[PDB]
Amino acid sequence: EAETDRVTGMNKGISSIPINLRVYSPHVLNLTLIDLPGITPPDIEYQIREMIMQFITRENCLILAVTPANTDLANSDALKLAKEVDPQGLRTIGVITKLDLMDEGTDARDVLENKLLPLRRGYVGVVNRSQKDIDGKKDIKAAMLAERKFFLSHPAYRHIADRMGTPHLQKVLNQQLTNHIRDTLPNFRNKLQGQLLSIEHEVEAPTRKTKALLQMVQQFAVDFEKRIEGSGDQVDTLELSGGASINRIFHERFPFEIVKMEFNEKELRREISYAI
Amino acid sequence: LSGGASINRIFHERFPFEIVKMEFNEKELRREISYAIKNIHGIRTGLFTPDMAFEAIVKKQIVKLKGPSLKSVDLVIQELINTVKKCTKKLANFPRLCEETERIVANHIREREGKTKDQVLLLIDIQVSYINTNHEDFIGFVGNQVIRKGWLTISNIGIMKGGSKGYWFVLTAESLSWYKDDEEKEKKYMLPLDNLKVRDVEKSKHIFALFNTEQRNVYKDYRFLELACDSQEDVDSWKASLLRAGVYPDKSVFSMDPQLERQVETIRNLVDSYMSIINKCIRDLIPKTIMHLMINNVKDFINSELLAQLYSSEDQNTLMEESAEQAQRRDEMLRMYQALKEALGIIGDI
Amino acid sequence: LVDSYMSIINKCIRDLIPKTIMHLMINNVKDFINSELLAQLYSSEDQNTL
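What follows is the structure in structure tokens.
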């Protein structure tokens, strides 16, 4: 909260500057995730979407799409943005929350079974059956047990219980991320090294001032001739050249400047008549 | 759909369409030109019209083909890398081999990626360096074979008195027909491609429409035919396919003395004309370049160098080693065999 | 049929090879003379002697 407020001017706005928190625990597997602003200034909705797109439009970015089961899954904001950048659903992993909150007599079996809104990486269900200890603080062991019981006792999900719940999700993410890195480690190192050596040629580049002067002045000279005469190549299309403006002075301004100073008929006639 | 057939679609349907899509914004372009002719002249005067202003504008346009052309190479790289991954599912039973094979081939692709892109760029650079005026096509002074088949939803039909149905559409160089299903046993209609154009309907569904420029209704009593797809890439693919069939998408979006307007009008016709010549060449030429430098090369590589690479990288003793999943099934089958033979051997029909 | 296709190829090639010669040689030689030439002359022989 403090680091966020430190950066964000208004206490409700967003920022692209990331916060990098690493947690070591016996309750977690080796896994990394980038949490982003949830979908919902006045243009905040667009700011959030724009931020999300910066991340998810990248090919190597895997999408963990979270949607609540007690809603219209076809209208899931997460699934909709995921379909926008990953139409083939090949880099999107679905997560279904709030399964215990579904309307009586309904269930998300068809989605959990990867049949309704098919994704190659599949769907995983979870439930937050919050348990508090004596002190009133989060009790994860009891919570994870309540979730296990829920899937095992649900007639629609019992057959899938071993592929549902919090512990399982971490394993899948751990596996897929590892495989994703293995696939990307050869191509990433090459694409970066190629763009790297090109920069090295520029970084490495007394004796150099004299040669620079000559080149700099000559550059200046051709630039000047270019504006003032329209010599090749391709001149300019955005702004009027020097020589062209001068041309306007010569053949539009000067004539007009003369005419404006020119003797008027009445004052011309009196002067001459006086002379005769 | 196969990999190689898709490549043909990339070359002769996608690439053209990607090109067509980059809007000229001509009104702002014409301004650029008029500014350009005044700048070549400038400090000099009048007749005749700046030869170099024409060249100036064209070189701008040709440079703009680097984007859609490089993208094309990637779209080919995508289908190529997809295909090696498809083929190697038949070798999945050997984890270290499929891995190492994928590795070496994927590697080779990225090496070829450089060289093909370089040549693609260079080819376009060559085009800007010299702008030939002696081309015969420059200076004034098909088959009914199926182009594409797919399911589409007609959204245009009224919510009342009509309905919504999915049809199996068949597009050819002459018509666009739709059937009840992919068996093509019942043809509901066949619509001629003559004088047809394409417009995109305003924004979970993506719709687009065909309309006849020369008459009111394009099919039957319905003004225009609205077609929809569940994904955005699909409508972009269909629009590209129609382009191949010759139905283009409709374009829709002074103080100066009369002599300049004439001067701008002449050069404008020239730029449009020359680009036509260039576009034709490049649409033809970039595929051939990709074909030769990437597709044909990778193909030949796999046949000859791949086996050699596999041998050098590691001993044949190591890479054909592990196969636990096959072994687990076979171990189950091996125990299966000894058991089933004894089982039936004791039992009898009696 | 062959005559037709060759016509198509010839037109592209007749058009394109000058462009290639232009870009790889003429434009290259030109650019060399303007920038690299003087430096090479300086590097080559003593300015007093040449």
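Residue numbers (PDB author numbering), protein chains in the order written: chain D, 102 to 141, 149 to 313, 322 to 392; chain A, 356 to 496, 512 to 573, 578 to 627, 639 to 735; chain B, 655 to 704. Just so it is clear, CB atoms sit at the ideal spot from N, CA and C, and this is done for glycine as well.
Going along chain E, which residues have a C-beta under 8 Å from D/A360?
-> Among the protein chains of the structure shown, namely D, A and B, there is no chain E.
If you drop the 5 nearest sequence neighbours on each side, which residues of the same chain put their C-beta closer than 7 Å to that of A/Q694?
-> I459
Could you give the residue range of the alpha helix (DSSP H) that holds A/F409?
-> 406-418
A/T651, enclosing alpha helix (DSSP H) - first and last residue | 643-675
So, D/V193 versus D/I164, is the Cβ gap smaller than 9 Å?
-> yes
Classify D/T205 as helix, strand or coil using the three-state DSSP reduction.
-> strand
With A/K557 and A/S545 assumed to form a contact (beta carbons below 8 Å), what rounded beta-carbon distance in angstroms separates them?
-> Not a contact, Cβ separation roughly 11 Å.
DSSP three-state assignment for A/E727, whether helix, strand or coil | helix
Under 7 Å by beta carbon: chain A residues contacting D/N298 | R465
Cβ neighbours of A/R518 in the same chain (closer than 7 Å, five flanking residues each side left out) | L541, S615
Could you run through the stretch 189-204 of chain D and flag, in chain order, every residue whose CB is less than 9 Å away from some CB of chain A?
-> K191, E192, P195, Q196
Neighbouring residues, chain B, relative to A/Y485 (Cβ below 9 Å) = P672, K673, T674, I675, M676, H677, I680, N681
Closest Cβ-Cβ distance between D/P294 and chain A: below 9 Å?
-> yes
Indicate whether A/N526 and A/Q711 have their beta-carbon atoms separated by less than 9 Å.
-> no
Where the beta strand (DSSP E) through A/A602 begins and ends | 599-603
Please confirm if D/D243 has its CB atom under 9 Å from at least one CB of chain A.
-> no
Within chain B, the residues that A/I481 reaches when beta carbons sit closer than 9 Å | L670, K673, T674, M676, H677, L678
Give a yes or no on whether the minimum CB-CB distance between A/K414 and chain D is below 9 Å.
-> yes
Which residue or residues does DSSP assign as beta-bridge partners of D/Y125?
-> According to DSSP, D/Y125 bridges with nothing at all.
Could you please give the first and the last residue of the uninterrupted beta strand (DSSP E) stretch that includes D/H309?
-> Here D/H309 belongs to no beta strand (DSSP E); instead the alpha helix (DSSP H) covers 274-311.
Span separating the alpha-carbon of B/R668 from that of D/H309 = 37 Å
Which stretch, first to last residue, makes up the alpha helix (DSSP H) that contains D/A264?
-> Segment: none, D/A264 is in no alpha helix (DSSP H) and carries neither H nor E.
Which whole-angstrom value describes the C-beta separation of A/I662 and A/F409, a residue pair presumed to lie in contact below a C-beta threshold of 8 Å?
-> The pair is not a contact, with the Cβ atoms about 14 Å apart (cut-off 8 Å).
Please report how far the alpha carbon of D/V338 lies from the alpha carbon of B/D685, in whole angstroms.
-> 14 Å
Outcome for D/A190 when other beta-carbon atoms lying within 10 angstroms are tallied against a minimum of 16 | buried
Closer than 7 Å by C-beta to D/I248: which residues in its own chain qualify, once you throw out the five before and the five after it? Chain order, please.
-> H128
If you count every other CB in all the chains shown that lies within 10 Å of the CB of D/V375, and 16 or more means buried, which is it?
-> exposed
Going straight from the alpha carbon of D/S117 to that of D/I140, what length do you get?
-> 15 Å
Alpha carbon to alpha carbon, how far is D/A103 from D/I120? Give it in angstroms, no decimals.
-> 11 Å
Cβ pair count under 8 Å reaching 3, the stretch 348-355 of chain D against the stretch 392-409 of chain A = yes
Once you ignore the five residues that flank A/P562 on each side, which residues in its own chain have a CB closer than 6 Å to its CB?
-> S545
When you compare each of A/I479, A/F539, A/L678, A/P623 to A/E378 by their alpha carbons, which one comes out closest?
-> A/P623
Buried versus exposed, by CB contacts within 10 Å (16 or more), D/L122 = exposed
For chain D, find out if any of its Cβ atoms is closer than 9 Å to the Cβ of A/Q606; answer yes or no.
-> yes
Could you list the residues in the stretch 375-390 of chain A with a C-beta less than 7 Å from some C-beta on chain D, going in chain order?
-> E387, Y390
Thinking C-alpha only, which one of D/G233, D/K240, D/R217 is nearest D/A173?
-> D/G233
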